[PDB]
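Quick mapping for you: the protein sequence lines, in order, are chains A, B, C, D and E. As numbered in the authors' numbering, residues 2502 to 2519, 2567 to 2701, 2719 to 3256, 3261 to 3299 make up the first sequence, in order. As numbered in the authors' numbering, residues 3654 to 3758, 3769 to 3830 make up the second sequence, in order. As numbered in the authors' numbering, residues 2311 to 2321, 2365 to 2435, 2444 to 2476, 2493 to 2531 make up the third sequence, in order. The authors' numbering applies: residue 656 is where the fourth sequence begins, and numbers increase by one. The authors' numbering applies: residue 3388 is where the fifth sequence begins, and numbers increase by one. Note sheet for the following structure.
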Amino acid sequence: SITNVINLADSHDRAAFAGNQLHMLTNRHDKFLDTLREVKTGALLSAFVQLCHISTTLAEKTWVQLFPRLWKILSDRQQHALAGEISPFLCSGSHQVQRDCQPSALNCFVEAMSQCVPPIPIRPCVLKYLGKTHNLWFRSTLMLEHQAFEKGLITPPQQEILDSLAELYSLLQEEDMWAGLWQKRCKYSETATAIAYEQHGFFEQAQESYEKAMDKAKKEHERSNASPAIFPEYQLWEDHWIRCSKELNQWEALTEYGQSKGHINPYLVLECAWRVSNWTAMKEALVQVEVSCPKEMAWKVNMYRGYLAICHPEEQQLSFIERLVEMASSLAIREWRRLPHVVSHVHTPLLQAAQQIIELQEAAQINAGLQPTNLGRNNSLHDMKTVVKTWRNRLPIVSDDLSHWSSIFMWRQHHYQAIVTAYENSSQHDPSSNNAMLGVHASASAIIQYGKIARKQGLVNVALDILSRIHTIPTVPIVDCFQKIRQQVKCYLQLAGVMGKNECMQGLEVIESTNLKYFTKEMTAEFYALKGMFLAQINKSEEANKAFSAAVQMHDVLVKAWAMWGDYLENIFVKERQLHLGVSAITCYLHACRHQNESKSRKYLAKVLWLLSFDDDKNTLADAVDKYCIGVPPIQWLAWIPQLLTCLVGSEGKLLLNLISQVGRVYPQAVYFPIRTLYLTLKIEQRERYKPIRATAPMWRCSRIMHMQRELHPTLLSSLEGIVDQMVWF
Amino acid sequence: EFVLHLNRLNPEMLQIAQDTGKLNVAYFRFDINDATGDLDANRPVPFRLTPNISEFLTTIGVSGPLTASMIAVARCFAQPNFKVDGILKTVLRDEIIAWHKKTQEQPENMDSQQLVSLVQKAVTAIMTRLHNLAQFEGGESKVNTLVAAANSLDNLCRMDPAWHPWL
Amino acid sequence: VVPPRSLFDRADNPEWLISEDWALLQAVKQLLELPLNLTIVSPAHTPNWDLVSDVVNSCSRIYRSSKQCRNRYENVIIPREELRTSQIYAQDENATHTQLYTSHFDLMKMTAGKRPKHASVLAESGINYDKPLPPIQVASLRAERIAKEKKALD
Amino acid sequence: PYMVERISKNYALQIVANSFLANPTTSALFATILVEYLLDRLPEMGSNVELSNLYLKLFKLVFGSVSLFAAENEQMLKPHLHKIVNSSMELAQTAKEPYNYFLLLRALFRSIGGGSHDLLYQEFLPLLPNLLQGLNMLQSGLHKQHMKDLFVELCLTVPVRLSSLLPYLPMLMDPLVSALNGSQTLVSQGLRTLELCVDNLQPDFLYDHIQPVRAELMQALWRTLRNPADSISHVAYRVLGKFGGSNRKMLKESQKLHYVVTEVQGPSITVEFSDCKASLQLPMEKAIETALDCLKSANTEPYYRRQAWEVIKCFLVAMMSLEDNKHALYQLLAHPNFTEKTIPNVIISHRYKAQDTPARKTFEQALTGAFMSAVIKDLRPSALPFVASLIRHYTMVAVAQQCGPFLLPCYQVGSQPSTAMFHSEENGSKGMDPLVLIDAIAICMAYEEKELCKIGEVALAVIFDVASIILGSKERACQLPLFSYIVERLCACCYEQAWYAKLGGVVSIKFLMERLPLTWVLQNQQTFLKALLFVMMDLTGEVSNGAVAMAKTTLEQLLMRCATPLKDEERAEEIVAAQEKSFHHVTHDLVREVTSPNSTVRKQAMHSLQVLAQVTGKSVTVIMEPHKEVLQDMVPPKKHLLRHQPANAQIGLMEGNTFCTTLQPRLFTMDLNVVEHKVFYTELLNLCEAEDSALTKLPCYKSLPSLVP
Amino acid sequence: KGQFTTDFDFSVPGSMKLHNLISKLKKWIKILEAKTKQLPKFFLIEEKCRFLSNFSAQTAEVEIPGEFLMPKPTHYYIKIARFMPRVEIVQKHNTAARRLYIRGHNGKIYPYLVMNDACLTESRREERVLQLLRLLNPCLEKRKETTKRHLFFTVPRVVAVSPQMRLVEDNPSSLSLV
Ligand SMILES: O=P(O)(O)O[C@H]1[C@@H](OP(=O)(O)O)[C@@H](OP(=O)(O)O)[C@@H](OP(=O)(O)O)[C@@H](OP(=O)(O)O)[C@@H]1OP(=O)(O)O
């Protein structure tokens, strides 16, 4: 109030306290305040309700704030009755029309209930259904986690809580949380071992562990029946053995397993049969899935219908592909809107589905180009080449499971083979077979890329099996053969990383069997560099040095040859310590850096800087660095600049001044603040030491660098110095 | 903190970004023993996995994503192609030069033999911890034991009270 | 609890396991709180066969659609409850579902069980393999080649 | 020239112009004559609304002629193209209404976008670097929504083939992100541009250029999947599929989360449920936010505007005490201390305010909604009286707290600004502070829609009148600490980034300098000067919708009012001393600007010193004489060679030297025997005589578009 | 100062004990924390920093600090267009720090902390560990298991502009566990 100052004052001043314009002002204000005293709660309530009608966000917020408060003012008997009635309310079918609302009214209702104190108990299976159905995913997950922690993580209630939580974790693609829960839950040690293996990409070991668990379970079934408490573990074994077989590229066995009599799995066959060109089984599985399919899988059913429409030997129907692609996209978008608004691992399947669906459309375009009317026409050839190049550049990423890589590459393989068949059977146009050779090259490149991705993910045996399919092709261009041999060599190097001599011998055998005469000079240089690597691991130092020398003489720009020769010489230098080996290693490393790809060269310049620690009193290694560093772009040295300044303060800074000066010339702001800081630190230390003083040699070098930068970049350095001068007021 | 023998993570050092959940440390330093120039970091706990953090992560969060992420990082940095040992050598060389300037001392450079030996000893200690954590034979990892040691109240109660082994 | 009156109140390809039928019946009874004949007790509580399908599929041997669950319930469980499904489930003692998993384990085990001339090209290059050049000499040769290329370009 | 005046009076005469443009014989000739006339009148497009719309339509007629008769009309348009583009971009920075210059650019682009016009594509390519840079800077700024939509559209619809865009592609990424976050047409345009880039460019090159935007771009694409339009969402899904694995690559900049920093509950209304025999609190923060959003939007139905106004009014009534009694109120306000005791010399500053409490934020929003209701025509008859009386209430609360018999301890004599003046979580005031009214007035003054400025002036007038009545005089009224808060809070609008916030600050300064007494204006003259000069500096090179011009006029008026010599009857000691002190401080600030690198601020300082000399009757030298110490390092430049300084600083120093030396009695007389003077003179000679190539090799000149300035 | 010198006189009995010193430190920390809360929470650059207030893209092409800590794959360096007129005063790292806002030529606002360090060597060592973390990050980008878990070190840009002063890249939404 205006007069509230009186109430705040002490008793003495109040006791002491006890014109026309001012009187008129206070009268008019009293009449105003009397008009306000009339204002009633009902008016605000009505206008509030109207604003809740206009605004859905306001309505949702108000209900979430209001229902717990109403619940608190209920009695205990009323609360128990209302909870017992709320449980079937959430389950009701009428809510299903809300499913695609954003928000669903049932979503807001469940969010309001979760805030209630005392809590309203909800069955775990209901919570899971609501989480997956009404976009309540993480709310349901957190509620189930709280229920599990309250119950001490077994009794059937604890069983159903952990079941619903595990299913929600699996549906959210939260692999680690699911793994932790099941490691605590599982009854068989083999299950925990298998989960640990699969969690980190050891799919072969995980598959063996799942098989061992199944063998133990069968051995125990001959003694007694199995309780329903262990059935989720057996379901886990079956599902993740299937997943491991998918990651291990075992699609034929999975198609056979899915067609087993009495235990048919049409969904597995529908996922697997098309990859091995079993289109009859694909049609049968499509019919069974179409009668009875989960709603989330609808887009995949449309996409597989497109697969059959394109690739089935007899039922080719290219006119359906546009509508099938549109339907798949619409269904995928609908599924996307049912996912959480923050994008996480749960969204990855649909983000992969996007590329899959557009590649289905592009495949339809390619097959339209191969029809007898269009075959050989210039526009068809141009479109085919364009789509092949677009596929070549458009790849998945390394975090993607090998099953998704398999999907993309095997679909493309079917269309590459279609191109090859079309332009080999006709052979009227293209008498030089360039179109068939384009198909063959694309297929070989796709096979090599699949094998390379398998090797990068640690599935070296899978990669070796994949790469062996190049020999199936009758003729392949020499580039693809070179890449295949290179990937095989890398596979054997990776295997020797844990096995040792034998895999190095196998890689050397592969290199020796290679018929160089077809290969170019760069290919020969890469082969000899690989041979040098293998011989270095075999501890055949002399032959490895021969191989590296010959490799670099073959193609003196091959960065990898220089880097591997430098690694070999640095390993010999660290032990034997003759300085000439240090100089050779620095020369090799610096010649590997003579390019702008700074991310590759970073690990080599680190070796160069580390090697300067072995320098003698004559600065031989620093002399080599000064000689060879010409041709290394200064962008290479940006990450190293702290280390370069540390060397600058040392005795080797006399020979490294030109390098740092060049870096400062090209990147003045990068050098200026570190050199300035170093110079002032040196001055402070000098003042402490002689507590004017002649500047030391490192100070002179810093001053030279700063003077050169002031000469080349005077407005920039005056702006930087102006900024730093201002910082004192801070 | 454990593999690179960094100083202890005080709760004042641990910066939590409310808008994203990203964590940064202000500021880690190498735990060089000033008297001998080698790394120690032999503390009762290998890292901060203190009871308030443990409760917030939950036991599922500790077992699953925390452990799996530590194992994955250890296995990644142990890949020979990355050559992490060389980067460690070139960073610890500056660290050892700084320690020599602080403790032992154109000013003369420190002895090449001493510098090389100290850097090699420190990088060997780092790579030993790295390769211990990276080993994953039998589906079992040392990282589980490391996490159990960090959470263990026996190890927590032996820490500095200023570390806040209750927070 | 009596609901308040409203203005609108009028004043299969795979065989079904006993565990699936039991889950179906228990879902309808416990979750929907509906009687045997699905007569509506409260108007807000309409049958939700999607929820029932979700419950059944948590332990089913194959995906059962909501339509399939409704058909099974109305055409088998209603006549059976009008041996009861509970009696059959108790008498089965999980044997059939155990044998299902034994069969799957046997099929998975079956599937698991079912599983020189090099000197010529160097001599054409001019490389004496048996007398390695040190990196200094190869770097000098590279520099000479680059200088000669620059002179030829100029 | 006559025909355009007649068309302006009678728009039906466009038909004759249309007929000339449509006939093959006369099309090229008439288009040439009309474009030459319109180009001569291009600056007027930003000044007179009627002529601006007329000239825009006539330019559209020309561009449609170039569409009709491509062969000769392209040749006609080709030489003019550079003038059109460059002058439109240059004149929009200073135009009061720049919107028509960008509608002219859009029309030109939609014309050349006919594609066949290769002669115009070739002529347009040299414009492309500077144009795209300017448009990128514009779209990055703070503007009204239609202006930003136009800037984004112009960025995405530059009439050049994608192969020519290649070096300038990084300029297009931020407009692309903006378009994906814009309206439906903008989202479609951005998706079209992105699909073009994906289809035509290599994935590695495109990914490298996306990488700066990529965190925001991928989040925009993901959100676009949820768009209700099937075409938009389908195009987004297709683009994501074309990105392949790049769509899901880890974002280093993770997705932002909505975090609640405050533990305290917001303000709430009490609802009683008699059946339950209990009361609940109904929370109002979201309700007030929704009501303010409804009153801000133009699309809202009048029914819901009335409902929002009712919510805001009821909340405002509920959050005030209402316990004031008429006789007690008059007894308090009629106390002699309100008219006799010296008003405490206490400063209130938002520098000592902590972050707003939820209560304070909700108060500020509710008061802003009240002012907006006062300006909305359908709500004005009830809202405007309510707003005036509520302003009186808050002013009375503030006056009673700040002085009289019972002033609060934080206002008492010798008290510094502190947090106790504001409602805060930790120390705070007892109850809501009445200063939250000033925050609402500042929000209204800084609001995008400038009509709200009028109600802010009405509110300030009501505050001033009530304070004058209670305290007995205007001089006593302006001594309130509340007015120091008003000065600091309204001048802060000038520092705010948006041009409309700046303009609101300028308007507040003009109103205050017009209304309040001369002594108070002299006390605050330096604060106003700094605010106006900052307005002039910060909008340099930006589109200011008359903000800089208004700032210049306001500054000249302020200087004239303060400097104007007092009459013999008005020459009291206090007013004379205040005027002398203020004049000293203002001339000190102006003389320091004389060498400013900022051309606008430098020229305004020179003009201001001349204005002061004309008003006082003194000479510029006499005014500048006590200050000239501040020039001693600059006239001539001592501490740096001009070669080291940037070109703008060099020009500022040279112009300031010209100004000081050209004064009638020279403020500084150069002596070539002095080393620094000879150096400066030699540098000037070398700069005048040296060749353009010899200057270009010098690093400071190396980037100038032209050495000529 | 006088009463502070009176409390911290080490000649009085019982003052050399460590825990009595700790209690006295706690008392005076509380006193100064009470006094620090009364200080202004922001200042304007015009008040002292005429060069920063005047600075524009016409002054120089200065990159925002830290752009060269790791070479960006392309030349898309963020240049400095403005220093926002308000500098805020914030309690971070158990010190009073000034938060400077730099507007970039892209229009985004970058917060930076201006920090004063009494110890040179410790700051250099901290920057060394930050550099190591930056160097290790690319390895995590290249493997499955780490890319699929979204693993990356968060390394804010720290640039030392003087032995006592460095510019740090602030997250205004950041709190410490203490
Ligand atoms: O998987 P790795 O054998 O370790 O080598 C790969 C990759 O090899 P592939 O393409 O054969 O899989 C490249 O090695 P090179 O082809 O250059 O021999 C190279 O990527 P670039 O194509 O960009 O050169 C990159 O190495 P780097 O990190 O030095 O770029 C990378 O090796 P990483 O796994 O260590 O990344």
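We put the CB at the ideal spot given by N, CA and C, even for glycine.
Reduced DSSP category for residue i - H, G, I as helix; E, B as strand; rest coil
{"i": "E:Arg3469", "result": "strand"}
{"i": "D:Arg1006", "result": "helix"}
{"i": "D:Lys1293", "result": "coil"}
{"i": "E:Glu3454", "result": "coil"}
{"i": "D:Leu895", "result": "helix"}
{"i": "A:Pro3239", "result": "helix"}
{"i": "D:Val915", "result": "coil"}
{"i": "B:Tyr3680", "result": "coil"}
{"i": "A:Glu3108", "result": "helix"}
{"i": "E:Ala3483", "result": "strand"}
{"i": "D:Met905", "result": "coil"}
{"i": "E:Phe3540", "result": "coil"}
{"i": "D:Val1275", "result": "helix"}
8 Å Cβ cut-off: residues of chain B touching residue i
{"i": "D:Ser909", "result": "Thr3673, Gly3674 and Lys3675"}
{"i": "A:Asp3180", "result": "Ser3775"}
Proximity test, residue i beta-carbon vs ligand 2 heavy atom, cut-off 6 Å
{"i": "A:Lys3055", "result": "You won't find ligand 2 in this model; what it holds is ligand 1."}
Sub-7 Å separation of residue i and residue j beta-carbons
{"i": "A:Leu3073", "j": "A:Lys3049", "result": "no"}
{"i": "D:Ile767", "j": "D:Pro814", "result": "yes"}
{"i": "A:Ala2919", "j": "D:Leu872", "result": "no"}
{"i": "D:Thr945", "j": "A:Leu2606", "result": "yes"}
{"i": "A:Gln3059", "j": "A:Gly3016", "result": "no"}
{"i": "D:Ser795", "j": "E:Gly3494", "result": "yes"}
Proximal chain D residues relative to residue i, where beta-carbon distance stays under 7 Å
{"i": "A:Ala3011", "result": "The premise fails here: A:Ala3011 is roughly 14 Å from chain D at the closest Cβ pair, so nothing lies under 7 Å."}
Closer than 7 Å at the beta carbon, the chain B residues around residue i
{"i": "A:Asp2741", "result": "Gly3717, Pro3718 and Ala3721"}
Interface partners of residue i on chain B, CB under 9 Å
{"i": "E:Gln3478", "result": "Near E:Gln3478 there are no residues of chain B at all, since even the closest Cβ is about 12 Å away, more than 9 Å."}
CB-CB length for residue i against residue j, believed under 8 Å
{"i": "A:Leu2967", "j": "A:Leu3024", "result": "7 Å"}
Proximal residues of chain E, C-beta to C-beta of residue i below 8 Å
{"i": "A:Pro3207", "result": "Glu3514, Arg3515 and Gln3518"}
Alpha helix (DSSP H) segments (min. 4 residues) lying fully within the region 949–988 of chain D: 957–973 and 981–988
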